[PDB]
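For reference, the structure is listed below as structure tokens.
The numbers here are math on the coordinates, done by the rules we state, and not lab data. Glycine also receives a Cβ, built like all others from the backbone with ideal geometry; neighbour counts cover every protein chain displayed.
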Amino acid sequence: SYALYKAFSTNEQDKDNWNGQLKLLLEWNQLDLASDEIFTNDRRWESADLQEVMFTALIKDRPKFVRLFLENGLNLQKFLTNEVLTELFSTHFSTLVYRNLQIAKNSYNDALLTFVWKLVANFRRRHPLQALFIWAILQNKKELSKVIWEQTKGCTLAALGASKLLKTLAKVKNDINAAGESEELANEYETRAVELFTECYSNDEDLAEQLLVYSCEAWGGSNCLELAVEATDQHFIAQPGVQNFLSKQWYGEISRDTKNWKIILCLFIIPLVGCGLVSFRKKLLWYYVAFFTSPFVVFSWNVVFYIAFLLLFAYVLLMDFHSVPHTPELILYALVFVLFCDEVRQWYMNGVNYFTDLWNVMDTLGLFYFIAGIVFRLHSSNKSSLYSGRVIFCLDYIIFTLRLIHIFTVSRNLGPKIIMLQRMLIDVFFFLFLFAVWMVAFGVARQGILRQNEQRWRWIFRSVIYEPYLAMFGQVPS
Amino acid sequence: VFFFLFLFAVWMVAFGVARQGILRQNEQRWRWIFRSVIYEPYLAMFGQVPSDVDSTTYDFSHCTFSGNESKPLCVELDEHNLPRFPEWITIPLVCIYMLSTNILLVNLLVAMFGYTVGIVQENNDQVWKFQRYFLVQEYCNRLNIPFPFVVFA
Amino acid sequence: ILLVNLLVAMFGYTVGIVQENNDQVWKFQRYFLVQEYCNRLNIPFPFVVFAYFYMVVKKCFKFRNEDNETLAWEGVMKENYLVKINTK
Amino acid sequence: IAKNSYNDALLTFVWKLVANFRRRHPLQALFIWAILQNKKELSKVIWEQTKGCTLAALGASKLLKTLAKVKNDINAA
Amino acid sequence: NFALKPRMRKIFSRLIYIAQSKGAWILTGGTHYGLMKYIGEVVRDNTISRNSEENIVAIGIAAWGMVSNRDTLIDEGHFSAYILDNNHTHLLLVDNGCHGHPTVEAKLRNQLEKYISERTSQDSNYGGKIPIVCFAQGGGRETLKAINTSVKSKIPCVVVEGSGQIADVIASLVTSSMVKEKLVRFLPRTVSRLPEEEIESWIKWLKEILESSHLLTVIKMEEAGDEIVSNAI
Ligand SMILES: O=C1NC(c2cccc([N+](=O)[O-])c2)=CCN1c1ccccc1O
Ligand SMILES: [Ca+2]
């Protein structure tokens, strides 16, 4: 390359031909030579003539030359028009990458993928730098991406959105090499987002909390914190700045450096808000409302109400249950109606993803069994319908009482252990598979050796399954 | 320990009120509410497998028919003087409860104890010889004679 | 004996795995309850049904400079962070 | 905030002396001055001049472990 | 144009950081062209990062004869797209006759420099007197004319780098022959439009530059770490 440049420069005619020398040093990788004796004398930079050589440095993977061209003056948003982007996504967009994108859109579908599928289906037939960042980030270019990342405005949103896209495309099963590169690049950008936001929070707190909540005027139509959640980027939220934001939004107006027993003791003794035992840093009716607005105390009030609800349910179900509803049964129906209005409000504010969570599913299940217990319960002058109604209420009480676990996940100490509890289900089901195999084998062996031609199915299953099941708690079959 | 007691209290109250509501009808004595809601599902943690859920090993000689003497009530009967409770809804309920407390919830506690011992042991020599300060200071500060005779001083 | 004490061992190993992640998983799950209790304009729960009637009352009737300013703020520590990377 | 919420003997002592001087062992007082402000390098220079060296290091460790518990301004913490 | 390599970028960001740290004025050309663009960008950056604690002061001094859109009021104006830079917080434009007149601001600019250098204000550590530093990093006639106007005056405190056009030709040497030798080897394509009747004048200019070398100092290439600007100034 240096030999061809020396023969091309000294021809006494094209000493002024800077474009030919630039294209020649671009087709080869002579960065340092083009820095030393094209961009030195400051004699001729037109700054709008560098468009074709920019397009060439993009479509041929020349990251150091695009870094040099932006360093020596070229506005991207002036350059990057719709004809450029349609040419990149139309012509210079690979056809194996598009097949991986179809497979990811058909099998691992998501909100951000539907957004990028809409825009990549747009340009094959306004925030432009983010679009070119998507272009370079999908292709797994890994070094044009950082050069264009440094030019972006919404930097941490770009890093989180790129991390989410690449963690999706790493799940496409064919061409596992591309899966491996996209997985490595995903890890690199999520590290980059965490490390930049900890700097932004360490230099200032209030403006970093301004950054966490902004929507980039539809980057992907979402938020920095939301993109951290939807990619399950649980290292971005476990860092102390986002945790400080969460706890400041959780205690509300109450300052965090007051002890919790002062707060719950002022919760029970209601007019004790007018004293200096709580600190409202972060005239007297303002203290009243600023106490009773915060999330911490409305949550604690709500769990006190729910415990009293369970005690009323237990009293009505065990000790006061007759053919006609008495007054405490009607009070119980009123409180369940309040819970019903809460759940239909939460469905109205959520919609389809409301049925995503398990707790809303069993929540709907418990409400349905309560109204089933009502329609069995009201058929008076029929003992079978009344007793079946009470059986339905007992099973529904099982559901309502087991919801209290998921209520109390908010503690510093109960919380992680309740989370650890639900990671055990695969070991439990492995144990149940092996115990079912051993149990069926011994049960049929014993029932076949001892007896002869039982014909009753209940006394088949009481002596094949049930007694070898009780032989797990140490019963030693008789 | 308190995490285990919270979860065991939740499961215990749920199964206790479910069984006492399905079997019987309108107990009015608080002692025989709390002996059959809390106490027998508590004993089902040490492997007792609660008794009156079978409808075949249930004799009427341990009932009262009305709250008159010590013993529990009967289950509420049919018009043919038969127990109303389904075995197919009380047998698997006892099975689910006995599995979830006597095996899952205890062996969770075993694991949490094992992990806490695994944490605090390389610190535990330091914590012991930090606590050693306090007993050495309470036995070296006082001009101490033998204890029975200390009252004389 | 064998099949139960296998389960004890598998629980012990799973607790040994997920604990150094478990603080992260707890304070990741913390997001969801904070967002469901800070999103709603929430009063105390028994009384919440009254405000639901006020929702019926709603059904009875029915580029900015500081964002660019904080993005321009962010760019400064972007530059600072890049300088720190290249200084490593 | 630390005197009202995490109160202690050494904090009551330093609150008494910092309430004194806003209205005799002097080097330890200037060491408290530099150590509270989180100066981190004037502190070592004045620590090397002190007589009760290990007492100074333990008392400074106790003060800073207290002031690391104040919840607002977690960077200073 | 302005060849913005990241070294001079770091130097000028450090410089405007020092100007915010000490609460200094900076004087510059004030046009929207070349270096003053980037200086106004960093002025806006340090303005927007802290927004208090002695917000910095940049004065641009222009000639009014090269300005494209000129408006007369007494009632705020609106200048829109020589072109003035939008980020300098104070602007001053000198008065003259026709448009074809460069280097008109230089006399009033240097007279203002001399007046602050003789201005007495004892509330500092310089024995009063409000210390003044001049910077040369680029190239052109106005550079050498300003440096000689400074060094003839008392307290110039001229600082140069070892990179650019005239920064290379002053930084390298520290008679007429060596001036010619470095001037032809460091500026190939500028002498090609020059007679020697002013090149001997430039030899006289640089002889008046190097008359007092204690009033001149240089930033070198080995000196390239952190806080080298403070070590110079
Ligand atoms: O709001 C709530 N709704 C129900 C609920 C409402 C109706 C039916 C059922 N259910 O059957 O599982 C549950 C669960 C408990 N709960 C609650 C109360 C205080 C603190 C946290 C909470 O989640
Ligand atoms: Ca719910």
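In terms of other Cβ atoms within 10 Å, A:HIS235, B:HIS62 run from fewest to most in the order B:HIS62, A:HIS235. Of interest is the spacing of the C-alpha centroids, which for the range A:430-458 and the range A:314-356 amounts to 42 Å.
Rounded to the nearest 10 degrees, the inclination of helix B:2-23 to the longest alpha-carbon principal axis of chain B is 10 degrees. Inter-chain Cβ neighbour count for B:107-119, averaged per residue, equals 5 (cutoff 10 Å, partner chain atoms only). Peptide C:40-53 has a mean shielding of 5, counted as Cβ atoms of other protein chains within 10 Å of each residue's Cβ. When A:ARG256, A:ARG124 are arranged by Cβ crowding within 10 Å, least crowded first, meaning fewest neighbours, the order is A:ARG124, A:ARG256. Computed over chain A, the per-residue total of -39500 (n - 2.57) for DSSP H runs of n ≥ 4 gives a 222 nm mean residue ellipticity of -21000 deg cm²/dmol, rounded to 500. Its residue count N sets the reference 2.2 N^0.38 Å, and the alpha-carbon radius of gyration of chain B equals 1.73 times that reference.
Principal axis extents of the Cα atoms in the protein assembly as shown, from largest to smallest and rounded to whole angstrom, are 134, 91, 64. Return the percentage of antiparallel bridges among DSSP beta bridges fully within chain E, rounded to the nearest 5 %. So the antiparallel bridges amount to about 5 percent of the total. Sorting the segments D:63-70, C:5-12 by their mean number of nearby beta carbons within 10 angstrom, highest to lowest, gives C:5-12, D:63-70. Here the Karplus relation 6.51 cos²θ - 1.76 cosθ + 1.60, evaluated at θ = phi - 60°, turns the backbone of the range E:126-135 into coupling constants of 9, x, x, 6, 6, x, 10, 10, 10, 10 Hz, with x for every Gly and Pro.
When the C-alpha to C-alpha distance is required to be over 25 Å, the pairs from E:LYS182/E:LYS207; A:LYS248/D:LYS44; D:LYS16/D:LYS51; A:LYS153/D:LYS40 that qualify are A:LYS248/D:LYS44; A:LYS153/D:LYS40. Under a 5 Å amide H cut-off, with hydrogens placed 1.01 Å from N, E:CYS134 pairs with E:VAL158, E:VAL159 among residues at least 5 apart or on other chains. Across peptide B:3-11, the average count of Cβ atoms from other chains found within 10 Å of a residue's Cβ is 4. How far, in degrees from 0 to 90, does helix B:106-140 lean away from the longest principal axis of the Cα atoms of chain B, to the nearest 10? The two axes meet at around 30 degrees. Where both residues lie in the protein assembly as shown, what percent of DSSP beta bridges are antiparallel, nearest 5? That works out to approximately 10 percent antiparallel.
Computed with the Debye formula from one identical point scatterer per Cα of chain A, without solvent, the log10 of I(q)/I(0) at q = 0.06, 0.10, 0.12 Å⁻¹ comes to -0.52, -1.02, -1.21.
Residue exposure proxy: A:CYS200, E:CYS157, ordered by other Cβ atoms within 10 angstrom of their Cβ from fewest to most, comes out as E:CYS157, A:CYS200. Our coupling estimate for the range C:70-81, obtained by passing each phi through the Karplus curve with A = 6.51, B = -1.76, C = 1.60 and θ = phi - 60°, is 6, 5, 5, 5, 4, x, 5, 6, 4, 4, 5, 5 Hz, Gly and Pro reported as x.
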